[PDB]
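Engineer: target25.json is reproduced in full below (JSON, C-alpha atoms).
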[["chain", "number", "residue", "atom", "x", "y", "z"],
["A", 82, "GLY", "CA", -5.25, -110.92, 25.34],
["A", 83, "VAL", "CA", -8.69, -112.48, 25.65],
["A", 84, "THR", "CA", -12.15, -111.31, 26.68],
["A", 85, "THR", "CA", -14.18, -114.32, 27.82],
["A", 86, "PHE", "CA", -17.74, -114.97, 28.93],
["A", 87, "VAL", "CA", -19.88, -117.90, 30.01],
["A", 88, "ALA", "CA", -23.37, -118.56, 28.69],
["A", 89, "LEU", "CA", -26.23, -118.26, 31.18],
["A", 90, "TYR", "CA", -28.93, -119.60, 28.84],
["A", 91, "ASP", "CA", -29.09, -121.71, 25.69],
["A", 92, "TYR", "CA", -29.22, -119.75, 22.42],
["A", 93, "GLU", "CA", -30.29, -121.35, 19.13],
["A", 94, "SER", "CA", -28.89, -119.87, 15.92],
["A", 95, "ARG", "CA", -31.62, -118.21, 13.88],
["A", 96, "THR", "CA", -29.71, -116.05, 11.34],
["A", 97, "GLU", "CA", -26.93, -116.68, 8.83],
["A", 98, "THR", "CA", -24.32, -115.08, 11.09],
["A", 99, "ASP", "CA", -25.21, -115.81, 14.74],
["A", 100, "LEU", "CA", -23.74, -118.57, 16.92],
["A", 101, "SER", "CA", -25.62, -121.35, 18.69],
["A", 102, "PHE", "CA", -24.43, -122.08, 22.22],
["A", 103, "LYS", "CA", -25.54, -123.88, 25.36],
["A", 104, "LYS", "CA", -25.72, -122.69, 28.94],
["A", 105, "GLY", "CA", -22.31, -123.08, 30.53],
["A", 106, "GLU", "CA", -20.26, -122.72, 27.36],
["A", 107, "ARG", "CA", -17.17, -120.52, 27.43],
["A", 108, "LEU", "CA", -17.07, -117.88, 24.71],
["A", 109, "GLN", "CA", -14.53, -115.26, 23.75],
["A", 110, "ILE", "CA", -15.12, -112.11, 21.74],
["A", 111, "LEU", "CA", -12.94, -111.22, 18.78],
["A", 112, "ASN", "CA", -13.32, -107.40, 19.05],
["A", 113, "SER", "CA", -14.46, -105.21, 21.98],
["A", 114, "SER", "CA", -17.37, -105.65, 24.39],
["A", 115, "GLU", "CA", -19.10, -102.49, 23.14],
["A", 116, "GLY", "CA", -22.73, -102.82, 22.14],
["A", 117, "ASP", "CA", -25.26, -105.62, 22.45],
["A", 118, "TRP", "CA", -24.14, -108.09, 19.73],
["A", 119, "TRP", "CA", -20.60, -109.45, 19.69],
["A", 120, "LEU", "CA", -18.64, -111.62, 17.27],
["A", 121, "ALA", "CA", -17.64, -114.63, 19.35],
["A", 122, "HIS", "CA", -15.81, -117.94, 19.28],
["A", 123, "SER", "CA", -16.88, -120.82, 21.50],
["A", 124, "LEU", "CA", -14.01, -122.46, 23.33],
["A", 125, "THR", "CA", -16.37, -125.40, 23.95],
["A", 126, "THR", "CA", -17.56, -126.03, 20.38],
["A", 127, "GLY", "CA", -15.01, -124.23, 18.18],
["A", 128, "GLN", "CA", -17.73, -122.42, 16.24],
["A", 129, "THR", "CA", -18.09, -118.68, 15.72],
["A", 130, "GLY", "CA", -20.70, -116.02, 15.12],
["A", 131, "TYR", "CA", -22.57, -113.14, 16.66],
["A", 132, "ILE", "CA", -23.93, -113.60, 20.16],
["A", 133, "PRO", "CA", -26.32, -111.50, 22.28],
["A", 134, "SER", "CA", -24.57, -109.91, 25.25],
["A", 135, "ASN", "CA", -27.60, -110.42, 27.50],
["A", 136, "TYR", "CA", -27.20, -114.22, 27.39],
["A", 137, "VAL", "CA", -23.65, -114.25, 28.85],
["A", 138, "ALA", "CA", -21.64, -112.99, 31.81],
["A", 139, "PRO", "CA", -17.92, -112.27, 32.20],
["A", 140, "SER", "CA", -15.70, -115.28, 32.92],
["A", 141, "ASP", "CA", -12.03, -114.99, 33.83]]
Could you spell out this file's structure in structure tokens?

Structural biologist:
Amino acid sequence: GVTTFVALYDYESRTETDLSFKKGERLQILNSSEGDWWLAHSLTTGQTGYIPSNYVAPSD
């Protein structure tokens, strides 16, 4: 059970709860893919936080 995505663009953390990531990073969500902001964990960096769905695309 995973739901994974790859980053299309860099995203710099700007809030207390979001997650910085670089283009090409692999990210997994910790709940469902509903909505526009998802709690994620980066397989690349090990960090976690909310990410914007419009910066990523599904990755098997």

Engineer: List every protein, DNA or RNA residue that has at least one atom no more than 6 Å from (-19.1, -114.4, 19.4) in the file's coordinates, counting only C-alpha atoms, and write the result as a PDB file with C-alpha atoms, in the frame of the given file.

Structural biologist:
ATOM      1  CA  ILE A 110     -15.120-112.110  21.740  1.00  0.00           C
ATOM      2  CA  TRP A 119     -20.600-109.450  19.690  1.00  0.00           C
ATOM      3  CA  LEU A 120     -18.640-111.620  17.270  1.00  0.00           C
ATOM      4  CA  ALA A 121     -17.640-114.630  19.350  1.00  0.00           C
ATOM      5  CA  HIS A 122     -15.810-117.940  19.280  1.00  0.00           C
ATOM      6  CA  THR A 129     -18.090-118.680  15.720  1.00  0.00           C
ATOM      7  CA  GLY A 130     -20.700-116.020  15.120  1.00  0.00           C
ATOM      8  CA  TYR A 131     -22.570-113.140  16.660  1.00  0.00           C
ATOM      9  CA  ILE A 132     -23.930-113.600  20.160  1.00  0.00           C
TER      10      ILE A 132
END

Engineer: Report, in Å with one decimal, the straight-line distance from atom CA of residue A:114 to atom CA of residue A:88.

Structural biologist: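 These atoms are spaced 14.9 Å apart.
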
Engineer: Around (-21.9, -116.6, 29.6) in the file's frame, which residues reach within 12 Å when counting all atoms listed in the file? Return as a short mmCIF file (atom, residue, chain, number, x, y, z; two decimals) with C-alpha atoms, keeping the file's coordinate frame?

Structural biologist:
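The result, stored in selection.cif:
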data_model
loop_
_atom_site.label_atom_id
_atom_site.label_comp_id
_atom_site.auth_asym_id
_atom_site.auth_seq_id
_atom_site.Cartn_x
_atom_site.Cartn_y
_atom_site.Cartn_z
CA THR A 84 -12.15 -111.31 26.68
CA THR A 85 -14.18 -114.32 27.82
CA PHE A 86 -17.74 -114.97 28.93
CA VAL A 87 -19.88 -117.90 30.01
CA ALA A 88 -23.37 -118.56 28.69
CA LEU A 89 -26.23 -118.26 31.18
CA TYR A 90 -28.93 -119.60 28.84
CA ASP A 91 -29.09 -121.71 25.69
CA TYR A 92 -29.22 -119.75 22.42
CA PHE A 102 -24.43 -122.08 22.22
CA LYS A 103 -25.54 -123.88 25.36
CA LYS A 104 -25.72 -122.69 28.94
CA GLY A 105 -22.31 -123.08 30.53
CA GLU A 106 -20.26 -122.72 27.36
CA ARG A 107 -17.17 -120.52 27.43
CA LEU A 108 -17.07 -117.88 24.71
CA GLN A 109 -14.53 -115.26 23.75
CA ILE A 110 -15.12 -112.11 21.74
CA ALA A 121 -17.64 -114.63 19.35
CA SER A 123 -16.88 -120.82 21.50
CA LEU A 124 -14.01 -122.46 23.33
CA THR A 125 -16.37 -125.40 23.95
CA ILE A 132 -23.93 -113.60 20.16
CA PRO A 133 -26.32 -111.50 22.28
CA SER A 134 -24.57 -109.91 25.25
CA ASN A 135 -27.60 -110.42 27.50
CA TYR A 136 -27.20 -114.22 27.39
CA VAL A 137 -23.65 -114.25 28.85
CA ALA A 138 -21.64 -112.99 31.81
CA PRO A 139 -17.92 -112.27 32.20
CA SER A 140 -15.70 -115.28 32.92
CA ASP A 141 -12.03 -114.99 33.83
#

Engineer: Would you compute an axis-aligned box for stretch 84-95 of chain A, covering every atom listed for it in the file with 5 Å of margin on each side, and report centre and edge lengths in Å to one decimal as lines of an AutoDock Vina configuration file?

Structural biologist:
center_x = -21.9
center_y = -116.5
center_z = 22.5
size_x = 29.5
size_y = 20.4
size_z = 27.3

Engineer: How many Å lie between atom CA of residue A:94 and atom CA of residue A:113, rounded to one decimal?

Structural biologist: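 These atoms are spaced 21.4 Å apart.
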
Engineer: Could you add whatever atoms are missing so that stretch 103-134 of chain A carries N, CA and C atoms, then write the result as a short mmCIF file (atom, residue, chain, number, x, y, z; two decimals), keeping the file's coordinate frame?

Structural biologist:
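Result went into out16.cif, see below:
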data_model
loop_
_atom_site.label_atom_id
_atom_site.label_comp_id
_atom_site.auth_asym_id
_atom_site.auth_seq_id
_atom_site.Cartn_x
_atom_site.Cartn_y
_atom_site.Cartn_z
N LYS A 103 -24.81 -123.35 24.23
CA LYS A 103 -25.54 -123.88 25.36
C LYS A 103 -25.11 -123.17 26.64
N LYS A 104 -26.03 -123.12 27.59
CA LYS A 104 -25.72 -122.69 28.94
C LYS A 104 -24.46 -123.38 29.44
N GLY A 105 -23.54 -122.58 29.99
CA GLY A 105 -22.31 -123.08 30.53
C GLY A 105 -21.13 -123.06 29.58
N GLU A 106 -21.36 -122.77 28.30
CA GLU A 106 -20.26 -122.72 27.36
C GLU A 106 -19.40 -121.49 27.61
N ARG A 107 -18.11 -121.63 27.35
CA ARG A 107 -17.17 -120.52 27.43
C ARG A 107 -16.99 -119.93 26.04
N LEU A 108 -17.12 -118.61 25.96
CA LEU A 108 -17.07 -117.88 24.71
C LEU A 108 -16.09 -116.73 24.85
N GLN A 109 -15.40 -116.42 23.77
CA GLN A 109 -14.53 -115.26 23.75
C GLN A 109 -14.95 -114.36 22.60
N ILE A 110 -14.77 -113.06 22.79
CA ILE A 110 -15.12 -112.11 21.74
C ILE A 110 -13.87 -111.76 20.95
N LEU A 111 -14.07 -111.46 19.68
CA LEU A 111 -12.94 -111.22 18.78
C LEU A 111 -12.68 -109.74 18.54
N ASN A 112 -13.55 -108.85 19.04
CA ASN A 112 -13.32 -107.40 19.05
C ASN A 112 -13.51 -106.88 20.48
N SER A 113 -14.22 -105.77 20.65
CA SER A 113 -14.46 -105.21 21.98
C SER A 113 -15.86 -105.57 22.48
N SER A 114 -16.09 -105.33 23.77
CA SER A 114 -17.37 -105.65 24.39
C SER A 114 -18.39 -104.52 24.24
N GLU A 115 -18.14 -103.56 23.35
CA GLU A 115 -19.10 -102.49 23.14
C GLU A 115 -20.35 -103.04 22.45
N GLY A 116 -21.50 -102.47 22.81
CA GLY A 116 -22.73 -102.82 22.14
C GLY A 116 -23.37 -104.09 22.68
N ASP A 117 -24.41 -104.53 21.98
CA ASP A 117 -25.26 -105.62 22.45
C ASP A 117 -25.07 -106.92 21.68
N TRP A 118 -24.39 -106.90 20.54
CA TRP A 118 -24.14 -108.09 19.73
C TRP A 118 -22.64 -108.16 19.46
N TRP A 119 -22.04 -109.31 19.75
CA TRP A 119 -20.60 -109.45 19.69
C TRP A 119 -20.22 -110.65 18.84
N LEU A 120 -19.18 -110.50 18.03
CA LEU A 120 -18.64 -111.62 17.27
C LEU A 120 -17.83 -112.48 18.22
N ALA A 121 -18.19 -113.76 18.32
CA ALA A 121 -17.64 -114.63 19.35
C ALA A 121 -17.15 -115.95 18.76
N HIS A 122 -16.29 -116.60 19.54
CA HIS A 122 -15.81 -117.94 19.28
C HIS A 122 -16.05 -118.76 20.54
N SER A 123 -16.65 -119.93 20.37
CA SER A 123 -16.88 -120.82 21.50
C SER A 123 -15.65 -121.67 21.76
N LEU A 124 -15.10 -121.57 22.96
CA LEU A 124 -14.01 -122.46 23.33
C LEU A 124 -14.49 -123.90 23.46
N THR A 125 -15.78 -124.07 23.77
CA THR A 125 -16.37 -125.40 23.95
C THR A 125 -16.60 -126.11 22.62
N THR A 126 -17.15 -125.40 21.62
CA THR A 126 -17.56 -126.03 20.38
C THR A 126 -16.64 -125.73 19.20
N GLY A 127 -15.84 -124.67 19.28
CA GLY A 127 -15.01 -124.23 18.18
C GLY A 127 -15.70 -123.42 17.12
N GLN A 128 -17.00 -123.16 17.25
CA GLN A 128 -17.73 -122.42 16.24
C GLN A 128 -17.71 -120.92 16.56
N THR A 129 -18.14 -120.12 15.58
CA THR A 129 -18.09 -118.68 15.72
C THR A 129 -19.36 -118.04 15.18
N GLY A 130 -19.58 -116.80 15.59
CA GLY A 130 -20.70 -116.02 15.12
C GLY A 130 -21.10 -114.98 16.15
N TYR A 131 -22.09 -114.19 15.78
CA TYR A 131 -22.57 -113.14 16.66
C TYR A 131 -23.39 -113.72 17.80
N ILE A 132 -23.17 -113.18 18.99
CA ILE A 132 -23.93 -113.60 20.16
C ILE A 132 -24.56 -112.39 20.84
N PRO A 133 -25.69 -112.59 21.52
CA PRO A 133 -26.32 -111.50 22.28
C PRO A 133 -25.69 -111.37 23.66
N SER A 134 -25.26 -110.15 23.99
CA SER A 134 -24.57 -109.91 25.25
C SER A 134 -25.42 -110.27 26.46
#
